[PDB]
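Only one chain is shown below, in structure tokens, and it's the form deposited in one PDB entry.
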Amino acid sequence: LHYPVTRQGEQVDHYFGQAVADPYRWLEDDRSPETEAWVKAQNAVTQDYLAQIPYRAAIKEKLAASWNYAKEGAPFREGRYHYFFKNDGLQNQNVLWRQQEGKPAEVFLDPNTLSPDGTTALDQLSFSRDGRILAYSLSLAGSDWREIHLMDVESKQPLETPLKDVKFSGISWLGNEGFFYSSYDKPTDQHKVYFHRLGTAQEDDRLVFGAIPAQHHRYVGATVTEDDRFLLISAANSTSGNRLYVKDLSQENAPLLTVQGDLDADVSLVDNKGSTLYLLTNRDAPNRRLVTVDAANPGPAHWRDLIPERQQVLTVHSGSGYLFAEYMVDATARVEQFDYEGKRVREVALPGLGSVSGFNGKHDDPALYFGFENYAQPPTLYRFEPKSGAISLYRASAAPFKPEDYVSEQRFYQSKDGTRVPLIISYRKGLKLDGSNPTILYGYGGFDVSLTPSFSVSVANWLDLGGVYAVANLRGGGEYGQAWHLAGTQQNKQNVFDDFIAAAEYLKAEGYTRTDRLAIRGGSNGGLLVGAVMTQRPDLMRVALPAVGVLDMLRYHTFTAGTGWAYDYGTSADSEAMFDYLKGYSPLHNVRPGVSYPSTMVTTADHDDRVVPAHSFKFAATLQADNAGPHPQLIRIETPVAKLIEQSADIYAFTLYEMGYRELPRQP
């Protein structure tokens, strides 16, 4: 094959007296007719190359037929009915269903119909204590503004005219009298808490907080505890920290007491028991902790740990009279159950290694529900018995994939400097460690972003083709604490790549795959990961799949959106030492002729603001104008799920084809 007309400019740039040429500068713009014409030319070559693959269509068909499936949420009692969300798979918004014990279920609220075009979406949902009245917020178009509608649950008709000009608001009831919500005006950027009493006009809502100078804040929220005894008000000016106040509603005109009076830390209410407040906070605990303090004197100096901080970030849930501490260990879920007195009842016996959701309920819920999934198990709902700790299946996934046919196993491998690193490997059950399995190695590594297991239809399809999917939890991510993040940043970015390299090596040595049966993939920070790893070890793998990646390090910051990845990448505009470090790995700057690179397909949109196409365009030109091997270097430029399906189909087809497959490793 022959690549398009990629002429070489001369735009040389100097950094610390050092001279580095940039033959492909023009491409840095995605409007210039010489560039936009380039795209058209490049896509013609890619599509032309892909039209060559025999089984691409078959792959697309399977992806398309399994891409969408029905879903159901956990049931929850409100008044005399059990409510639950469902989605037939093609509905844009989830539909809320209802069922009275002894009768068939019925649609209760379908948000899709509110808008003849579906632009009116359901936001917050909140029932009165007796479950007879429903308050819910709707967002129109795509506005931050909201309206709170009130509905009589039985008649399913408007109870009062909707509350207007509501924003960044929760909806919290005080018994069956009314509820607290937040707004910016008179139901300035001074957010205020109001109380709307049922049977009254919005204009008469009582201003609860935010009016006097001392209470001015950009964001305020209000929550009434489940027993209706305490009102908690949070106030903040940014995503960093918040003030918190409490008011004992069991007393007449009780004043507000300060739980936390500064913005030096996040603190939020979990629940109360009697006069004891249970709070989650990161004050003096980066990984957070759950503390208690009496409402009558709630200041920080009086908080006492109930669940002390740990090495893993804490998240707390409450239901059925218990507290559930959820953590991420080696990127997978762990849940421990505690009573309200601090006693550790047990560790919840989760279905396996993966991701969970749930464990949220009322004080008197007889049982709790939680969700579980991983690379080999689609989202499943389970019933958890608080006392016995017994778990039972509530609703299996409707996804067209039999869980029993797939396996996911965790492995740990040592990198260059000896650092231990997690790695989850998934494949159809029955695989042989003969080193012949076609494999895709995925990684990210960076921005404290950790890769937790999640079910992907695309991935499941890959497994059905007989492929192996491997995800590595590289440094730079947030799987092992703050230290794990920096261990792969600045002039330590190379550590991330070494972790990736050892991952590949490990997969072979263990008999999973082998060099010719291995491909690596990643997007953005991940797109860089594949870019580098491929330039430093273009022998380690057979196929490279860099998507929406940042490939020009020596000057990425010179791009609008690219001016937010400072803390991690650093720039060639800090020191010649940093500059040197960047050049040393910068994918774009590490591609040289005479070198045989693995088959490569770079993917990007025609125009994108988050990660500019230049990184992919220029990088493409380079590889084409450098590779001295028989493997093609291509670029696919995007111009709905249909597009995601087509994209996944092109990637799997290209991969298998480049591994020398005439037919699919396994007929799905």
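Numbering starts at 1 and runs along the sequence shown. For the two forms, the rigid core is made up of the largest set of C-alpha atoms that agree within 1.5 Å on superposition.
Omitted here: the form deposited in another entry. The next part is about that form.
Only one entry in 444, 370, 427, 375 has its C-alpha moved by 2 angstroms or more between the shown form and the other one when the rigid core is superposed, and that entry is 370. In this overlay on the rigid core, residue 219 has a C-alpha that sits 2 Å or more away from its partner position between the shown form and the other one. If you fit the rigid core between the shown form and the other one, you'll see the Cα of residue 175 move by 2 angstroms or more.
When the rigid core is held fixed, the Cα atom of residue 335 travels 2 angstroms or more between the shown form and the other one. Between residue 482 and residue 292, the C-alpha separation shrinks by 3 Å or more in the other entry, relative to the conformation displayed.
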